[PDB]
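Just so you know, these numbers use all the heavy atoms, side chains as well, and skip hydrogens, waters and symmetry mates. So you know, we letter chains A, B, ... as the sequences are listed, proteins then strands, and number each from 1.
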Amino acid sequence: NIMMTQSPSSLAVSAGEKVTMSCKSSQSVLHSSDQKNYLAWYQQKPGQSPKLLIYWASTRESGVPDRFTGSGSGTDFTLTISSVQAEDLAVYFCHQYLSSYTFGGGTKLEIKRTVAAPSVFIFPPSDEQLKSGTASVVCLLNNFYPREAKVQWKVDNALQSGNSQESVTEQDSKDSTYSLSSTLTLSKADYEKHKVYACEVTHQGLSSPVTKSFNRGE
Amino acid sequence: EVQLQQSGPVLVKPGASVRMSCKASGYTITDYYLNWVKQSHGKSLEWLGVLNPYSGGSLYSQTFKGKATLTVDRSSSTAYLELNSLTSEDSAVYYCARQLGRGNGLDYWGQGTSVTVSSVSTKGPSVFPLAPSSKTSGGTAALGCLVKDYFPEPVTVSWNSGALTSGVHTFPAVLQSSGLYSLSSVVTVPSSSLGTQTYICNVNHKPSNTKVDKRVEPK
Amino acid sequence: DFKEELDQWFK
């Protein structure tokens, strides 16, 4: 098969910057009968299906903004975005269809923006869940940048470990931020043994850790 | 407009077979070829083969010969992909994607069908409110739903039947120690209108037939 | 090869 290699694996730029990304085929993708490079580029935004951007290596699909341009011949191909927009964050895949279809490993395009501190919220377990015998306590970090953030759970000022899980969103297509959710799960019996449930957040936008807490049963 | 509507996510035992569908609308299905492409993770795409909806013929990647079978029902404008002898490595999102001719790209893609191959039993999640309260931010309130203990992925969450999308964060699922998944979905709303607006998270977990509409109210 | 097979099949 014809192997496709993309580079770089990922890159990050500010809105308005120019971006170029590479796609190399292990052999020529030039179709002899029509003398077209059977090379396509796709954009796949987070949680969406791929979208066709370019075919014949350089022909822009209808409805694709002119800032997307494909170029190259033989085995060396390039996708250029002349002025990156915040909504351009996606994984970009190249694709040869001369032989049995193969795709590159993708280039993940990320957006750089100004520092944004998270807005921190904390949620006690619902009365519905408590009646079932479990207490999940949720800490929410909304619309922050950069992606790196640290959540520490404290129960009456005792640092917790091994009883929480967290995940971060994809980057936001409008304001280029991230959000994070962390869940501290305890048995109902343990939950009722303590008063103060606190989530302490460190982030580059905060000069000191921010604590959001509640008093159980209040 | 053009649409490729694919069937819902499935859980299948290793060794079994699965058949998924891809329904074309907004165009004559026989005017375009239809490819099937597998996505095992966000940075991977692998071609299975291509269907000729007019003739019913198919051309398979050597990788999927004897594994995948492509069919079509022209009267219902629906193409099908059947996979047999399923292994845990066959778990992926499977896309159908149309192609006008030999030299064209894959110009339109369905939303994909998530296939999970596993011996683990299906489990429907519990849905718990994340209620807004003082623990608020400058005229806004956060609220949400906790979708806990389900298998397999995915669950989808909408708010107010899709009419509320601004300020929504539906987080990637986390894999719990039990092997079950949990996720949260949150939205930031004006604190002033908590008493007049109704906020309902619509939780769908098709493998467990879970359809829950949970109203989230303050306190 | 496969490229030729694609050529003939799409004809």
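With no hydrogens or angles considered, no side-chain donor-acceptor pair links A:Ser126 and A:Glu128 at under 3.5 Å. For the residue pair B:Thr210/B:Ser208, the side-chain donor-acceptor check at 3.5 Å is satisfied. Side chains of A:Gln129 and A:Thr134: a donor-acceptor N/O pair is absent below 3.5 angstrom, by distance only. Side chain to side chain, A:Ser181 and B:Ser184 meet the donor-acceptor criterion of an N or O pair below 3.5 Å. A donor-acceptor contact closer than 3.5 angstrom is absent between the side chains of A:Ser213 and A:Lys154. Between A:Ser22 and A:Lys24, the side chains place a donor N or O and an acceptor N or O closer than 3.5 Å (distance only, hydrogens not considered). Side-chain contact of A:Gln165 with B:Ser182: a donor-acceptor pair under 3.5 Å is absent, judged by distance alone.
The 12-atom threshold is not exceeded at NZ of B:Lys206, counting heavy atoms of other residues, nucleotides or ligands nearer than 6.0 Å. Within 6.0 Å of atom NZ in B:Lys123, more than 12 heavy atoms from other residues, nucleotides or ligands are found, so the atom counts as buried in its surroundings.
By the 4.5 Å heavy-atom criterion applied to side chains, B:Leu146 and A:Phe123 are not counted as neighbours. At a threshold of 4.5 Å between non-hydrogen side-chain atoms, the residues A:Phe121 and B:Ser137 count as touching. Two residues are said to be in side-chain contact when any heavy atoms from C-beta on lie closer than 4.5 Å; B:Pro125 and B:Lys148 fail this criterion. Residues B:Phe128 and A:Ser136 are not in side-chain contact: their nearest non-hydrogen atoms beyond the backbone lie 4.5 Å or more apart. By the 4.5 Å heavy-atom criterion applied to side chains, B:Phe64 and B:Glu46 are counted as neighbours. Contact check for B:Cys201 versus B:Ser185: no side-chain heavy atoms found under the 4.5 Å cut-off. A heavy-atom distance below 4.5 Å is found between the side chains of A:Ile81 and A:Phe68.
Between the side chain of A:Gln6 and the main chain of A:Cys94, a donor-acceptor pair closer than 3.5 Å is present. At distances below 3.5 Å, at least one donor-acceptor pair connects side-chain atoms of A:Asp88 with backbone N or O atoms of A:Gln85.
Aromatic rings from A:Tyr197 and A:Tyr191 are positioned such that their centres are separated by under 6.0 Å. Aromatic ring centres of A:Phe93 and A:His95: separated by at least 6.0 Å.
Summarising the geometry, atom CH2 belonging to A:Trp153 is positioned 10.5 Å from atom CD belonging to A:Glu166; distances are rounded to the nearest 0.5 Å. Taking OH from A:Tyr92 and SG from A:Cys23, the interatomic distance works out to 15.0 Å, rounded to the nearest 0.5 Å.
A pairwise comparison of heavy atoms in B:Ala68 and B:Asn84 identifies N-ND2, 4.4 Å as the closest pair.
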